[PDB]
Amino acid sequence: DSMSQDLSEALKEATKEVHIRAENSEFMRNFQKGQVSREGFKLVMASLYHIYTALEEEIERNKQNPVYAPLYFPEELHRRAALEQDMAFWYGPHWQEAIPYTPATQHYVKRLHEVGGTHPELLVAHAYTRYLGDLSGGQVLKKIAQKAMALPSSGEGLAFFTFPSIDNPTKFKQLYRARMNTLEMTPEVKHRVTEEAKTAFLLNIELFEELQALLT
């Protein structure tokens, strides 16, 4: 197998194909072209709320585990608190009972717990997939959402897309990739981590196809 490369390199080469598929999914495609409504935006953000909540809960559970510990950046990355602000903004005071919890979202959340509870050595695959993506297309989707729905530059309703503790996401991404290469990595784990990364992308693709359908 390809163990002659660093985990960050293996992950990038392993997910580049499905990434193109995920990037050109119907829901994302629309969002990219400015075509994004309040109804849909609220659907995906509520979904991300449940997802990041599960991911970050598993991160806390395994924060001391060396298979993940070097990547424990709650202050800089975690989105749960940010998404809670966003839910209050979009759904109001009682968002805990108003926000949806779709099947595709539940599916994603279920795999997150399985990994965090049973296969924690794979958890890095899920943080990698979501966090780095946020740091890459984060400012892009944000500027689009603002132009489309008239969200003020002050950021209310888009806290999720804002990283106040990260000055340069590009530099941080570089740090995160390098830190990923310091994890205990056997040919067995690296092999499985890259596969789980694909699964994460697929889970994201399945969420989008589901939301797109709900909207149409």
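Rigid core (definition): largest C-alpha set, two forms, superposition within 1.5 Å. From 1 onward, residues are counted along the sequence shown.
Participant: Which stretch is more displaced from the shown form in 8 other deposited structures of this protein, 117 to 125 or 135 to 143, with RMS over structures and residues of Cα positions after a rigid core fit?
Facilitator: Higher root mean square deviation of C-alphas in 8 other deposited structures of this protein is shown by 135 to 143.
Participant: Fitting on the core, do the C-alphas of 33 to 41 or of 173 to 181 deviate more in 8 other deposited structures of this protein?
Facilitator: Between the two stretches, 33 to 41 moves farther in 8 other deposited structures of this protein.
Participant: In the PDB record, does 76 to 84 or 93 to 101 carry the higher mean Cα temperature factor?
Facilitator: Here the higher of the two C-alpha B-factor means belongs to 93 to 101.
Participant: Identify the stretch, either 58 to 66 or 44 to 52, whose C-alpha atoms have the larger mean B-factor according to the entry.
Facilitator: Comparing 58 to 66 with 44 to 52, the higher average CA B-factor belongs to 58 to 66.
Participant: Which of these, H126, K110, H119, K142, has its C-alpha atom at the highest B-factor, as the entry lists it?
Facilitator: Top of the list by C-alpha B-factor: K142.
Participant: In terms of the chain's CA B-factor thirds, is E206 lowest, middle or highest?
Facilitator: Middle third of the chain for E206's C-alpha B-factor.
Participant: Thinking about Cα B factors across the chain, which third does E195 belong to?
Facilitator: It belongs to the lowest third of the chain when residues are ordered by C-alpha B-factor.
Participant: By the record's CA B-factor, is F163 among the lowest, middle or highest third of residues in the chain?
Facilitator: CA B-factor rank for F163: middle third.
Participant: Could you say whether, by C-alpha temperature factor, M28 belongs to the lowest, middle or highest third of its chain?
Facilitator: Highest third, going by the recorded CA B-factors of the chain.
Participant: Once the chain's modelled residues are ordered by C-alpha B factor and cut into thirds, is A148 in the lowest, middle or highest one?
Facilitator: According to the entry, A148 has a C-alpha B-factor in the chain's middle third.
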